[PDB]
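Have a look below at one chain only, the form solved without the partner chain, in structure tokens format.
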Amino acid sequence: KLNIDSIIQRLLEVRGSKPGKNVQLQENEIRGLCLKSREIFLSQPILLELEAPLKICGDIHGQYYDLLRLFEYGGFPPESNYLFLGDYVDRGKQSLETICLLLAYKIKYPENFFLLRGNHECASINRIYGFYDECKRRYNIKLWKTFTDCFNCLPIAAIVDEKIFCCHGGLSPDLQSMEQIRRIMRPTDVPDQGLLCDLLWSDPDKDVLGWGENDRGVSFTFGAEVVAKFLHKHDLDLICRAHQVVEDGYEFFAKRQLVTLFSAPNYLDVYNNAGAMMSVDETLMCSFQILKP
């Protein structure tokens, strides 16, 4: 009953309009996007096994027109396949248009479009950093809770061609086998510290080789040795994550065993960072497409 094509049409109708122009979908349409995508998320693994070619994107944080710029540069679905690493809402001015377009494409192209969970796809987080307020203003809190129920079902990681491990934050001192991830049950809010918490919040740190203290006030930091042990144990070549703002949109850490992607140019209007998107072809060759602010 949900008219996906009309929703997409209206959402894309603003590409070319003055940045900031809102697209106000009906409440029933947004709830449908949430309920239908949730079903698909639960129907697919929590640890996705994808194949190149694919375009991987980092944080978007409600910068809708920048999301439109990414698609125009990388190709609107289904021209290209996409994998987003999380943090779709909060901070930006248009989290609603942003998340709705993404859910809409997930429903429209369930086998060629994927979305991972970021720490901002968490109630306790998006309640404070913007999304809740945006829903309260343009719609209502009940709709916000519907979004939360959808987010609690997002997959947590993906492996591209058995070589690239993708997640939002990073590793966990609790992560020993890939099975541990695959066994995580949904829906789930992340109520306790531990594996899922770390996957959503950890960061690589240049100072320590093993495990360190995280300035975020949650989770930990991990060094090059930790990364090395992980990659070899699971026969992987690289970790692709997001979660941290980087100047060039992308940046390597842990002696190039990990790459961080961030796709929200000029973050919060304060940073003058660029946004980036990483393209991976069938020859498992990695390439970066930058998006200047």
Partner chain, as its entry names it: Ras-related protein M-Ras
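Numbering follows the first chain given and starts at 1.
The discussion below concerns the form solved in complex with the partner chain, not included here.
Q: Please pick, from 107, 123, 157, 196, the one residue with any non-hydrogen atom lying within 4.5 angstroms of the partner chain in the deposited complex.
A: Looking at the other structure, the residue within range turns out to be 196.
Q: Is there any non-hydrogen atom of residue 112 lying within 4.5 Å of the partner chain in the deposited complex?
A: Residue 112 lies outside the contact set for the partner chain.
Q: Evaluate residue 174 for contact with the partner chain in the deposited complex, applying a 4.5 angstroms cut-off between non-hydrogen atoms, and reply yes or no.
A: Yes, residue 174 lies within 4.5 Å of the partner chain in the deposited complex.
Q: Using a 4.5 Å heavy atom cut-off, state whether residue 211 contacts the partner chain in the deposited complex.
A: Looking in the deposited complex, residue contacts with the partner chain include residue 211, since a heavy atom lies within 4.5 Å.
Q: Residue 138 versus the partner chain, in the deposited complex: is there a non-hydrogen atom within 4.5 Å?
A: Judged by the heavy-atom cut-off of 4.5 Å, residue 138 is well away from the partner chain in the deposited complex.
Q: Along 218-240, which positions have a non-hydrogen atom within 4.5 Å of the partner chain in the deposited complex?
A: None of them.
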